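Visitor:
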Amino acid sequence: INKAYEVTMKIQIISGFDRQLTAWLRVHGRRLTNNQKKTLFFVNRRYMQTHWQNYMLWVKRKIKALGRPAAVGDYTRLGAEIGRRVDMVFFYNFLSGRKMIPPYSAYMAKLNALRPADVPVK
Amino acid sequence: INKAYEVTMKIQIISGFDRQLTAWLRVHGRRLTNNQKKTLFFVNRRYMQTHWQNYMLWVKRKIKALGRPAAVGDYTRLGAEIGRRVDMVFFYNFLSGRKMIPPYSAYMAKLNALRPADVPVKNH
């Protein structure tokens, strides 16, 4: 059930990365402009996209290792695990500590405007 | 810091960062696209811009410590030292290591097309 599986995983991964960022922003957000905050949310979606194949390699081996028929809920749980086990807070700290949060551009707004279920992955 | 001094520093810093990137690329650039390489050259300019206030305080201290009035040759030297010693390699490793090199955008090509002397910084 391929796309139901991709959708629940994307929702959980983005949700999880977004939780890390919103938590981080409560501590560090004072210093950043609203555009810089939106850029970091873009970063979350882009990070998921550029690591999607690696997450799928790994998810494929975890389902396989179920010795069981995968239900969509398996995918929900594997996505939630990626969402909390990727250290995005390190990434925010490094990027902001290097003063290199990129400018908020229309192409970033475009990605942020999609529903999480529709964020394109390959 | 006066305009003439600003200009020799931007030239030397961008040149130094560019040399560091050119070096790093020999090791780490085999599988990047031309686009991705051009983004890291943009990153060098952007890095200088966002660290400009930091470099200006460092420069002020170095100049206070010179033991004589400063002249443009001192600023050329300090810009070259920043160009050499900032570690752009830890930043290039971070972007490439995480597969987060940004796409090459039109605004980036615009910044890359300026002469280093004309890259805007907050110094006016």
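Chains A and B, in that order, give the protein sequences. If you want the deposited numbering, it's the position in the first sequence, counting the first as 1, plus 10. If you want the deposited numbering, it's the position in the second sequence, counting the first as 1, plus 10. Using N, Cα and C, we set each Cβ at its ideal position, and we do this for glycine too.
Any beta carbon from chain B within less than 8 Å of residue 114 of chain A's own beta carbon?
Guide: Closer than 8 Å: no.
Visitor: So within the region 77 to 133 of chain B, which uninterrupted alpha helix (DSSP H) runs reach at least 4 residues, ignoring any that extend past its ends?
Guide: Taking only runs of at least 4 residues, the alpha helix (DSSP H) segments lying wholly in the region 77 to 133 of chain B are 82 to 95, 98 to 107 and 116 to 123.
Visitor: So, under 8 Å CB-CB, residue 112 of chain A and residue 112 of chain B are touching, yes? Tell me the CB distance rounded to an integer number of Å.
Guide: Residue 112 of chain A to residue 112 of chain B, Cβ: 6 Å. Contact.
Visitor: Consult DSSP for residue 11 of chain A and reduce its assignment to one of helix, strand or coil.
Guide: In this structure, residue 11 of chain A counts as coil in the three-state DSSP scheme.
Visitor: Return the CA-CA distance between residue 30 of chain B and residue 47 of chain B, expressed in angstroms with no decimal places.
Guide: Roughly 13 Å between the two C-alpha positions.
Visitor: By how many angstroms is the C-alpha of residue 75 of chain B removed from the C-alpha of residue 98 of chain A?
Guide: In a straight line, the C-alpha of residue 98 of chain A is about 41 Å away from that of residue 75 of chain B.
Visitor: Taking the alpha carbon of residue 12 of chain A as the point to measure from, which residue in A/70, A/36 and A/55 has its own alpha carbon closest?
Guide: Checking every option, the nearest Cα to that of residue 12 of chain A belongs to A/70.
Visitor: Compare the C-beta of residue 51 of chain A against all C-beta atoms of chain B and say whether one is closer than 8 Å.
Guide: No - not a single Cβ of chain B is within 8 Å of the one on residue 51 of chain A.
Visitor: Give the residues of chain B in contact with residue 61 of chain A, contact being defined as C-beta atoms less than 7 Å apart.
Guide: Under the 7 Å cutoff, chain B gives 109.
Visitor: For my contact list, residue 20 of chain B and residue 63 of chain B are in at a C-beta cut-off of 8 Å; report their separation, rounded to the angstrom.
Guide: With a Cβ gap of about 14 Å, residue 20 of chain B and residue 63 of chain B do not count as contacting.
Visitor: When you compare only the Cα positions, how much space is there between residue 85 of chain A and residue 45 of chain A?
Guide: Near 33 Å, if we compare the C-alpha coordinates of residue 45 of chain A and residue 85 of chain A.
Visitor: Going by beta-carbon coordinates alone, are residue 121 of chain A and residue 56 of chain A separated by less than 8 Å?
Guide: Yes.
Visitor: Does the CB of residue 57 of chain B have a neighbour CB from chain A at under 8 Å?
Guide: For residue 57 of chain B, the answer is yes, since a Cβ of chain A falls inside 8 Å of its Cβ.
Visitor: Under 8 Å Cβ to Cβ from residue 129 of chain A, same chain only, skipping five residues before and after it: list those, please.
Guide: So the qualifying residues of the chain are 20, 24, 55, 58, 59 and 121.
Visitor: Which first and last residues belong to the alpha helix (DSSP H) in which residue 71 of chain B is found?
Guide: Residue 71 of chain B -> alpha helix (DSSP H) spans 62 to 74.
Visitor: CA-CA distance, residue 106 of chain B and residue 52 of chain A?
Guide: Taking the straight line joining both Cα atoms gives about 18 Å.
Visitor: Taking all protein chains shown into account, decide if residue 117 of chain B is buried (16 or more other Cβ within 10 angstroms of its Cβ) or exposed.
Guide: By the neighbour-count rule (16 or more Cβ atoms within 10 Å), residue 117 of chain B is not buried but exposed.
Visitor: Less than 8 Å between the beta carbons of residue 127 of chain B and residue 26 of chain B, yes or no?
Guide: Not in contact: residue 127 of chain B and residue 26 of chain B (Cβ atoms no closer than 8 Å).
Visitor: With distance defined between alpha-carbon atoms, name the residue in A/49, A/36 and A/33 nearest to residue 119 of chain A.
Guide: The shortest Cα separation from residue 119 of chain A among A/49, A/36 and A/33 belongs to A/49.
Visitor: So, does the CB of residue 101 of chain A fall closer than 8 Å to a CB anywhere in chain B?
Guide: Yes, its Cβ sits closer than 8 Å to a Cβ of chain B.
Visitor: When the Cα atoms are used, what is the spatial distance from residue 72 of chain A to residue 34 of chain A?
Guide: One C-alpha to the other measures close to 30 Å.
Visitor: Could you please tell me which residues of the region 11 to 39 of chain A, in chain order, have their CB closer than 8 Å to any CB of chain B?
Guide: Flagged: no residues at all.
Visitor: Taking residue 109 of chain B as the reference, give the member of B/38, B/82, B/14 and B/18 with the closest Cα.
Guide: It is B/38.
Visitor: Between A/88, A/28, A/77 and A/104, which has its C-alpha nearest residue 66 of chain A's C-alpha?
Guide: Among A/88, A/28, A/77 and A/104, the Cα nearest to that of residue 66 of chain A is on A/88.
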